[PDB]
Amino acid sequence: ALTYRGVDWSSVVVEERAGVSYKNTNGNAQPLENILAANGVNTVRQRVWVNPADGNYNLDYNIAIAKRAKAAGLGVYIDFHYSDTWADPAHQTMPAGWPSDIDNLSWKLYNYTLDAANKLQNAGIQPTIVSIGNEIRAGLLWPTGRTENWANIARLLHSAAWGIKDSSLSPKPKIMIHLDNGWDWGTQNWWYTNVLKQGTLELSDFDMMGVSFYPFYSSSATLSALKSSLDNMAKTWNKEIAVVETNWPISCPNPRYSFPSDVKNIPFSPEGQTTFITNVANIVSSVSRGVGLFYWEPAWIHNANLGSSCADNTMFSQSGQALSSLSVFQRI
């Protein structure tokens, strides 16, 4: 049913360079991209940073792994953070060297996006999806695009979108706007309504609405709330929808927040991951134009808790072997 069955495998080269040797469920060594493909994955998400000091996740880093994904028959979803480091609702740090005034920043954002798009094209990489920003619920490129400067945000997003549209990418990618807390209809509605009413960024400027959906940052993240929120988003703007980030723990000794009521019966184990992922996938599929699901960093074994309060959210053993839960992508 789902058009996109994927995972964010951004850390792949970082882990291989750290000595990780990935193995299939049979226990035999095999390139990660091939393991993913063999398990049903058809798309990989990758975070792109502007000028990270150590080079990890910069454009060259992404082109190299995108080529590998392409060779494994996997489509590529480019996630522009528009920052030199992690971009999230609490951090949208201006890339070093970029101007702060809206006129010039908008132009810089356009140039950067256009440039990156053309470089991807020249490398033979045509991403199927491109998000202009990562979880920009509180805006982007702070403080210039910090909420509530809806006028600046809409303008910046318009420039980013057209940087892609004016590029040489062929075929062109679907343009996505990504917000966190997919279950929170109030915030989704508040954000899109205020951004779209500015008159610069138009509905026709983008194609997809992506949301993050995690069970360990609030008990309000129920499957029912996700369903209702996505249904509302679909009926209001009728754009393709996708859960672009999600996790389920195989181990969670002491959570910082209570888990959502409709998932408390799901065990912390590979079997549990299979159940949770399949259920989230089917919630998306039950939504008008719900087309994708992406698990976040299933193979980052050296960062098992993946920034959450739960101990282990990966889908691979500490020795680098794919767990039984990875084949879930063959059934959604």
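Quick note: we count residues from 1 along the sequence shown, nothing fancier.
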Mean Cα B factor from the PDB record: higher for 255-263, or higher for 155-163? 255-263
22-30 versus 47-55: which one carries the higher mean Cα B factor per the record? 22-30
So if I compare the CA B-factors in the entry for 202, 245, 135, 79, which one is the largest? 202
According to the Cα B-factor stored in this entry, which of the following is highest: 130, 211, 102, 141? 102
If you rank every modelled residue in this chain by C-alpha B factor, which third holds residue 14: lowest, middle or highest? middle
Using the B-factor values recorded in the entry, state whether the Cα atom of residue 7 falls in the lowest, middle or highest third among the modelled residues of its chain. lowest
So, residue 124's CA B-factor, relative to its chain, sits in which third? The middle
Residue 146, C-alpha B-factor rank within chain (lowest, middle or highest third): middle
Within-chain third of residue 174 by Cα B-factor, per the entry: middle
